[PDB]
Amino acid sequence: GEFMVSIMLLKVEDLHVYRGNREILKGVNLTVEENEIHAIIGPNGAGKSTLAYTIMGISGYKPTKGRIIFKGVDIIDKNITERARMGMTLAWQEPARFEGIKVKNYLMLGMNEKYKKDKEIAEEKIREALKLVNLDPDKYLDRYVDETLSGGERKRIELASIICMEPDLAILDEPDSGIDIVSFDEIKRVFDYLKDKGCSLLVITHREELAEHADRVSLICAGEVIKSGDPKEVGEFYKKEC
């Protein structure tokens, strides 16, 4: 209902999303609070990606029943651009390749107003973001975000984009996949940096080990939130009950 909504950034109420004849999300009740790293775990086919695309307003992910409230506003009639302008962003699992867009210009797209305006401060933010994702800024600034990059380079540049954007809500679809991750300390270093800045992360993942580093974890099984709360408790339940 209306209980504790004043400290809630995102509120998904009994959401039903259909993909063709199949109902993928069968009543999703999920909330994201301010300054929280809330992870979403679940098996293949549970609706993890569908949920992330429905919140962002991606075409073809329209709810049949339910509502998505972001910042107190029901975003039912808002498009991707309008939802992004409210402080919500999505990092896809396989970030799109773009013909002829340099890294230095790509990282300026959607950049936070606190960096975006001053040029020498915006250019410094790019360096800090590329250095956080273990990429040499001078080796990548003039590279294109095209097919030429490795999947790990392109996904690290996408992680740097989330850093430059510094959103109120960052939806991260499988952030540790395809980056050639050395250890969870690499991704935790980025997660804690965004958290300290005031961001909330909606980390979508199938890897229980990644979810344990989050503040809260929700287990989605067949389009429904089965258990939610403590990361280690709901995590151990996920590994056991599948």
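Note that residue numbering begins at 1 and tracks the sequence as displayed.
- The mean Cα B-factor in the deposited entry runs higher for 22-30 than for the other of 22-30 and 202-210.
- For the two regions 87-95 and 142-150, the entry's Cα B-factors average higher over 142-150.
- Residue set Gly57, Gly66, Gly47, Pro175: peak C-alpha B-factor at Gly66 (per PDB entry).
- For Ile76, the recorded CA B-factor ranks within the highest third of the chain. Only modelled residues enter the ranking.
- Annotation for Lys131: CA B-factor lies in the middle third of the chain's modelled residues.
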